[PDB]
Amino acid sequence: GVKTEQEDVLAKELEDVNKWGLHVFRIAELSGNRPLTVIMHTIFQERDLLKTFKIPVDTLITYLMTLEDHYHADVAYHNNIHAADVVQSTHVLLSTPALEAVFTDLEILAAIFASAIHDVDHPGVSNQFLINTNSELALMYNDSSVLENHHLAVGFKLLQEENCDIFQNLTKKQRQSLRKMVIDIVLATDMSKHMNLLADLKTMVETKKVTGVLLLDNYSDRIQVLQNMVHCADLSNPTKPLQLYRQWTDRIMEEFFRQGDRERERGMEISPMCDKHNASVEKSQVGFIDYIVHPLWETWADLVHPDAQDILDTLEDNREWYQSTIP
Ligand SMILES: O=C(Nc1c(Cl)cncc1Cl)c1ccc(OC(F)F)c(OCC2CC2)c1
Ligand SMILES: [Mg+2]
Ligand SMILES: [Zn+2]
């Protein structure tokens, strides 16, 4: 009936579940490579989601382990650690003061569930790669948001495995709403949707409205914020403590170079940033931050001002670090 010493240390690390910069890689080691399962379980208990939606605990664990098992261990970035990270980051974003009591339980569930499934069964190669190779996935999804469409399909499909339907007790109305929201969120993680998403986020900041919390009248405005929330979580690596950010950069570059190597092998053109022979890891991170991450997080910071200042400060500090690294 006693915890193991490894479990106790895990439980201790998990006390930082509400904090930006949780040691997510340590949780991966301590949990025996089950970071997604343990972080989801904590978050669900913390937010009382098991009682609210009447999810049996064993069904939730079974679904979680199954979901985690369909992230590929041999993929350096897009794996169960990334998933766990986006879930936990989204969880922190949800608790921001400017969003207190804004979202319903079902919406919270949609944002967390969508974060958990958002890259499931990622093969470690891009949409374009899949399209240019005439992959089956590209054929099934008509070359449109191939991976993201696949992530959703697998995420819902896994509910049908043995004792895995964690939404068995929701009404049809609840399930239809959950589903639509989760599809909207995950399909918005395609980077080809980035500019639209940001444009709409800016439009929302300019027309912003409070009562001392944010006001959101319509589905359109509510889902837009949730889409941007999870997309911010997906692009949150450079806003984390440098120790963590540096590990994420190693891993994304490893994944990119592998795709690059496979692309060279096959005489294909080598996708941006995927040539290990002509890479600028530091320059690219700076470009990434100035053109994508900073404009998004700044706009997010404004929406929730002042709540996101420390996050923005770290992003800016990490940007100077990578800047000073440039040969
Ligand atoms: O693509 C990303 N994310 C991603 C998302 Cl959010 C959605 N869809 C696809 C991808 Cl690859 C992504 C995530 C992390 C990165 O670096 C660091 F933070 F680890 C990174 O660097 C760019 C690289 C060219 C300089 C890119
Ligand atoms: Mg993705
Ligand atoms: Zn992702």
Side-chain angles (χ1 to χ4, degrees), residues 21 24-25 36 71-72 75-90 111 114-130 137 141 145-155 182 185-198 227-242 244-260 270-276 278-297 300 311 314-315 318-319 321-323 325-326:
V24 70
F25 295 99
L36 181 65
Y71 284 89
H72 301 192
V75 167
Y77 185 96
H78 284 114
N79 57 53
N80 61 321
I81 316 182
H82 173 63
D85 185 43
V86 173
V87 157
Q88 192 270 329
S89 300
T90 301
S115 299
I117 73 172
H118 89 278
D119 283 330
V120 65
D121 196 53
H122 209 293
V125 296
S126 76
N127 278 338
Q128 195 66 63
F129 185 79
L130 296 167
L137 278 178
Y141 291 113
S145 287
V146 172
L147 284 169
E148 292 75 30
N149 270 299
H150 187 50
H151 300 322
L152 277 162
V154 170
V182 172
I185 293 165
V186 173
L187 289 179
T189 60
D190 189 343
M191 283 296 289
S192 71
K193 310 291 182 187
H194 169 78
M195 289 306 164
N196 294 332
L197 228 48
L198 188 54
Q227 286 169 323
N228 272 300
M229 191 184 302
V230 170
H231 183 62
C232 284
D234 213 18
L235 291 173
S236 77
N237 298 155
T239 73
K240 298 288 170 81
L242 191 63
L244 295 173
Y245 178 25
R246 287 249 270 157
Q247 288 193 76
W248 293 122
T249 308
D250 297 340
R251 285 169 175 275
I252 200 57
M253 292 316 281
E254 192 172 339
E255 191 168 304
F256 278 8
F257 296 152
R258 287 195 213 150
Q259 166 172 342
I270 309 179
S271 304
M273 312 290 339
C274 299
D275 191 346
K276 61 187 178 183
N278 302 279
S280 325
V281 172
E282 304 82 21
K283 247 182 212 152
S284 310
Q285 284 302 313
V286 164
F288 185 51
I289 297 183
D290 301 335
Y291 294 98
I292 292 178
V293 194
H294 196 279
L296 175 50
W297 273 100
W300 181 268
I311 290 156
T314 306
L315 176 59
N318 290 334
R319 189 264 186 207
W321 186 89
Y322 267 104
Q323 179 59 12
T325 312
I326 296 178

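Starting from 1, each residue takes its place in the sequence as its number. Each ligand, and each atom within it, is numbered from 1 in the order the structure gives.
Taking distances strictly below 2.8 Å, the protein N/O/S atoms close to the Mg ion (ligand 2) are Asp119 OD1.
Within the structure, ligand 1 has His78 among the residues with a heavy atom less than 4.0 angstrom away.
Taking the centre of each ring, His82 and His118 come in below the 6.0 Å mark.
Of the possible polar contacts, none joining the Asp234 side chain to the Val86 backbone as a donor-acceptor pair under 3.5 Å is found. Side chain of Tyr71 to backbone of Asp121: no donor-acceptor contact under 3.5 angstrom is found. Checking side-chain atoms of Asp275 against main-chain N and O of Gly260 turns up no donor-acceptor pair under 3.5 Å. Using a distance-only test at 3.5 Å, with no hydrogens or angles considered, no donor-acceptor pair links the side chain of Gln285 to the main chain of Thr249. A donor-acceptor distance shorter than 3.5 angstrom exists from the side chain of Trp297 to the backbone of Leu235, with no hydrogens or angles considered. Judged by distance alone, with hydrogens and angles left aside, the side-chain atoms of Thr325 form a donor-acceptor pair with the main-chain N or O of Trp321 at under 3.5 Å. The main-chain N or O of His122 is found under 3.5 Å from a side-chain atom of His72 such that the two form a donor-acceptor pair. Using a distance-only test at 3.5 Å, with no hydrogens or angles considered, a donor-acceptor pair links the side chain of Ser126 to the main chain of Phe129. Remark: side-chain polar atoms of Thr90 are not paired, donor with acceptor, to backbone N or O of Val87 under 3.5 angstrom.
Taking atom 13 (C) of ligand 1 as the reference point, the nearest protein heavy-atom neighbour is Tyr77 OH, 3.6 Å. For atom 4 (C) of ligand 1, the nearest protein heavy atom (residue, atom name, distance) is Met191 CG, 4.3 Å. Considering only non-hydrogen protein atoms, atom 24 (C) of ligand 1 sits nearest to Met273 CG, 3.3 Å. Of the protein's non-hydrogen atoms, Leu235 CD2, 4.1 Å is the one closest to atom 3 (N) of ligand 1. Atom 1 (O) of ligand 1 has as its closest protein heavy atom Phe256 CZ, 4.4 Å. Nearest protein neighbour of atom 5 (C) of ligand 1, counting heavy atoms only, is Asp234 OD2, 3.6 Å. Remark: minimum distance from atom 7 (C) of ligand 1 to any protein heavy atom is reached at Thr189 O, 3.3 Å. The shortest contact between atom 26 (C) of ligand 1 and any protein heavy atom is with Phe288 CZ, 3.5 Å.
Of the polar atoms of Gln285, at least one N or O is found under 3.5 Å from an N or O of ligand 1, judged by distance alone.
Within the 4.5 Å cutoff, the side chain of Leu130 has heavy atoms near those of the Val125 side chain.
In the vicinity of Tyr245, heavy-atom distances shorter than 4.0 Å reach the ligand 1 atoms 17 (C), 18 (F). Residue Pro238 has at least one heavy-atom neighbour below 4.0 Å for each of these atoms of ligand 1: 18 (F). Atoms of ligand 1 found under 4.0 Å from any heavy atom of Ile252 (numbered from 1 in listed order, with element): 15 (C), 16 (O), 19 (F).
Compare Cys274, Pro272, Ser284, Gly287 by their heavy atoms: the one nearest to atom 25 (C) of ligand 1 is in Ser284. The residue among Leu244, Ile289, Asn237 with a heavy atom at the shortest distance from atom 14 (C) of ligand 1 is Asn237.
Atom CD in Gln259 sits 10.5 Å away from atom CD1 in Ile270 (nearest 0.5 Å). Rounded to the nearest 0.5 angstrom, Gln227 CD and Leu197 CG are separated by 5.5 Å. Distance CG/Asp119 to CG/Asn79: 9.5 Å, rounded to 0.5 Å. Between the CE atom in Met229 and the OG atom in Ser236 there is a gap of 13.0 Å [rounded to 0.5 Å]. Note: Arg319 CZ to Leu315 CG = 9.5 Å, rounded to the nearest 0.5 Å.
Residue-level proximity to ligand 1 for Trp248 is carried by backbone and side chain together, each with a heavy atom below 4.0 angstrom. With a 4.0 Å cut-off on non-hydrogen atoms, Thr249 touches ligand 1 through its backbone as well as its side chain. Of all the heavy atoms of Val281, none lies under 4.0 Å from any atom of ligand 1, so neither backbone nor side chain is involved.
If you look at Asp234 and ask which of its N, O or S atoms sits nearest the Zn ion (ligand 3), the answer is OD1. Residue-level check: among N/O/S atoms of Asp119, OD2 sits closest to the Zn ion (ligand 3).
Among the backbone and side-chain atoms of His122, none of the N, O or S atoms lies under 2.8 Å from the Zn ion (ligand 3). For the Zn ion (ligand 3), the set of nearby N, O or S atoms under 2.8 Å includes none belonging to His78.
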For this session: Determine, step by step, whether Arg258 and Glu254 satisfy the salt bridge (charged side-chain N to carboxylate O under 4.0 Å, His left out) criterion, reporting the C-alpha distance in whole Å, the side-chain angles of both residues, the deciding distance to 0.1 Å, and the verdict.
Result: CA-CA 6 Å; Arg258 287 195 213 150; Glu254 192 172 339; 2.6 Å; yes
